[PDB]
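In this document, chain identifiers A, B, C, D and E correspond to the written order of the chains, with residue numbering beginning at 1 in each.
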Amino acid sequence: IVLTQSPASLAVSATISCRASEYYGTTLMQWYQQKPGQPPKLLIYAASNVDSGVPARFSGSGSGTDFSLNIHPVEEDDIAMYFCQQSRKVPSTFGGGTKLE
Amino acid sequence: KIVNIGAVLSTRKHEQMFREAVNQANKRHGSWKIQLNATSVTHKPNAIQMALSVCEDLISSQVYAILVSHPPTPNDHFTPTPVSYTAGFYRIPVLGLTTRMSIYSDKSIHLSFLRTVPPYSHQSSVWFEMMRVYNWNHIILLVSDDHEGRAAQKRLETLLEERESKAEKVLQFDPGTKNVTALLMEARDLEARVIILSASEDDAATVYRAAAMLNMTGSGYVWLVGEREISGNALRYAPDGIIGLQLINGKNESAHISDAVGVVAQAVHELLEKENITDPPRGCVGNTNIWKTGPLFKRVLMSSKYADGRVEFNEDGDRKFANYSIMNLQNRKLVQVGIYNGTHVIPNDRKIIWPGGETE
Amino acid sequence: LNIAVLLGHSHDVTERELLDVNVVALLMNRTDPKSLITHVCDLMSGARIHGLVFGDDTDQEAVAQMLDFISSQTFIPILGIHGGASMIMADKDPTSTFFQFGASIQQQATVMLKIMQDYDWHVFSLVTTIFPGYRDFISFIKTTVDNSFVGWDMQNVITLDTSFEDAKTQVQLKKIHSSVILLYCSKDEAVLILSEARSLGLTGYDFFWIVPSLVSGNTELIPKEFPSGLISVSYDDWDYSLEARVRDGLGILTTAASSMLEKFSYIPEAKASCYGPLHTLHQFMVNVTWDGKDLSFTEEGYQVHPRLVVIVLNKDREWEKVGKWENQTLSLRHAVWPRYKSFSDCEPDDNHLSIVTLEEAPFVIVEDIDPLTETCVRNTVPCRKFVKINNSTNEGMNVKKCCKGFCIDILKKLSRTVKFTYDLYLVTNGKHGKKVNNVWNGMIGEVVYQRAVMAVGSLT
Amino acid sequence: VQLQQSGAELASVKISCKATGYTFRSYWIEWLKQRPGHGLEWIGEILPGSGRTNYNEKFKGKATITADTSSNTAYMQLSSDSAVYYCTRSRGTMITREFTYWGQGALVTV
Amino acid sequence: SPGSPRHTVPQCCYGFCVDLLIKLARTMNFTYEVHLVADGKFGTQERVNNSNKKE
């Protein structure tokens, strides 16, 4: 499995896309938020269920090999890199990164 | 009007002889329009990939028979079992040529399995025949491999039922153990000196070492072991004066495969004279039905009698009238001292030298 | 833990009703070996699943063979739930970790002998075909009879050689003179042998026939040559659905894993992939009980307390479930054995005498049954009495006792010569007979009203 | 649950990963490479309870992972590459196979 | 056993069978060792409570 996401850099004052190259009705994609100099933090699992203890402003959807991520409203928190990870086949692989400003 | 045959062979000379025999099968059978198509595969180190590949290929070729003819397996398991189970799912008869494990005589598990070599229970039968020679009625039994130990014990019981005699002691345990001196001391106190051995070579070497430490190789001791017990490092620790048996032509694969292929050709021509000759489908995909002539073909092969030695499958689908030889450990060089006929024992002129005293 | 529940069914079983536990639910139709291997290797890459629960709708027994083989080659426990995959095989292997449900031949044989004892049919024979596994049955029967309280009468064992030529096989079939006959054969040979026996005339009402679950094949497939009243026992309990079976399998697996975790934490291990072991549940789930139901296994893989069911063939050509199996005992819904005189439309069976007697000191001695063996002593005879419980209600119980005396000696000798049959019992109405305003009572009330036939008891 | 690791390095090296928040004999341990300029990679996993080990084909023959059941430490040896390293553990609910607990990070350079 | 659990002492035995055994030993060529039976019952076949087997 090889992943590819665009744009490499995003200019906002937003949305993200991650296209792949499902497991019996279950989607296997996770999004990680990594501030500079800090370990990654899981944000979304199963491509539709958010993680407890996180702001409700985040929501995601997608199926098959085309999945997307959007955020609203915009705040100071979403200022890091992001990626998408697959788990349908071992070993796992991550995205290419996406800044924000 | 074509017959497909699948085989598993690695040696190229043996495969060439196999193709030669398949070609020569159409010689004495006239100019009939039946054809024999050959299919062969080689070894792979794994046992699932080999299984699936052989199953799919011989299903797609729509073959009738399958053979296994490789003694020198680096794996000590000697497992043609996936081939047998997969070709029995469609009740397509399978032919074994090397494996001699007594488990394969059970036809409740292996539905469509036959082989032309006898399992080791026949050696127990030959031992019971030897008991008819020297008038012995007390024995001590020790079998390690519990997969076939129960079968060997049951065969010995069936043999003894005619005389209605019972063994003085029997023993089974887990192969690979070494502290077996306690059971040796237990057997020492008894009256019989008849010791029956059927185990792995590790266990055989272990018990030979333990008995040599305990000095049970003196005069009066009766020793009798099977073929598996005197090979490898087990032969190294073998006390002098022991008696061994031999499987005649059990390794010259050439004539073995030749006879098997001749039998297959005659059986196929015999079946061609009958009606309702269906064929196996490409059961690899979406063909969940059994061969409606599966049991029919199996029973046709069961009644296969021949005279050109005689090959004859019993109700267990095993070859009878096998010739066995008798070997003796004379200063650790094997010497032929007897033979076993179909139901008789014929000693030769070589002296019967025992670990203790007299040759009597 | 990670458990996969795969069902190969034609019956519409949907999927939505199906520290780290995950369950997999699937529905499958095809049953070809390549599909099995492909599905197993695909799911084996699906998050390290250790549990496999399988059932089948077809009646092919090679599926269980392949499942056991793959379990051995993957070191993953597998269960059998329904169909040919749940059929009890011959001899499992310690290398394998495959386990089933349902009883073996020996347990069913013990149940059959219990059923025979509970009706006091102490004369029988033994008929065996060339079907594999007959010698184990023979040995088990020989060992079971010699250590029993009954002292059974066994005729010489009938063994078939081939498809009966009716030349020398009929010679052995003629010598069968008992009333109870035991048959061990496949379904295809049963039709032939039963037609042969019906031509020989051994298909009378007293010539009962008992067969194991092997010969009873499909419930829908019913040959016409089976007389209405064949004795069969099979583990097919229709009151318990497959949902309960898989739920009990899940309970077994969860209990075994939970109990094996404490002795050693890193027990659940499945192989990485098809291409390319110290502590397990192999020798650990011998003892297990969930929600009171003892679901323990044996050393060879069998069950400890299975669910066997006694079935017979009614006049409507259907396998009629009659008796179940308790924890160890045997229950019977129909205590009094029905005659089933009509096996076919060519069987006018008619012979039996309802005999009612009264307790007379030297002629009719009523004694309780011997509790040591639960059988009337051989010089007594069976009987029953409808014993009322209380005086407020008329409900009563048919307590079975033993009768002897002097007049009972007469009745026994009469059946020796005239060769008839009787069902002895006792009068609960009262004394011999008294016409109370042109109304009789007792024995006279049982022969005039023709509720009975004769009365061997002393009468004036 | 918290994780700790060794210090920086500067041939062959060894990096420790110690567990002090759970039963160390139950959960797998995975190693990650995060060389700057790209997202990440995946090396292998190890189960301390039984010692079963699997390795990635790309890193096969170069990274050896070992564990000690007594001190609850994880050892990964690279023989004969300058990148930041992480040792991590899954939540345990399985299936998802995500990474939740992260180490500190050991910076190796040649 | 209820009275004397395990108290075995060498004692003196005589009578008829003792003399018969002495005569047998004198006539033939062997040795012997006289010992008693743990109970005083001749011997009966009885089911043991386990395995439902007569012993």
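The definition used in the following text is that a contact is a pair of C-beta atoms (placed from the backbone, for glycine too) under 8 Å apart; a residue touches a chain by one contact, two chains touch by 3 or more.
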More contacts between chains, A-D or B-C: B-C
Gap in Å, rounded to a whole number, between the CA centres of subunit E and subunit D: 74
Distance between the centres, which are taken as Cα means, of subunit D and subunit A, whole angstrom: 24
Distance between the centres, which are taken as Cα means, of subunit D and subunit B, whole angstrom: 51
Centre distance in Å when subunit A and subunit E are each reduced to the mean of their C-alpha atoms: 89
Touching two or more other chains - residues of subunit A: none
Overlap residues in subunit D, where contacts from two or more other chains coincide: 95, 97
Touching pairs - complete list by chain label: A-C, A-D, B-C, C-D, C-E
In the complex, subunit C residues that touch subunit E: 147
Interface residues, subunit C side, partner subunit D - complex: 2, 19-20, 22, 47-48, 264-266, 269, 272, 278
Partner subunit A, residues of subunit C touching it in the complex: 24, 26, 45-46
Footprint of subunit C on subunit D - complex, ascending: 23, 25-26, 47-50, 52, 54, 92-95, 97
Complex contact set, residues of subunit D against subunit A: 38-40, 42, 56, 86, 95-100, 102-103, 105
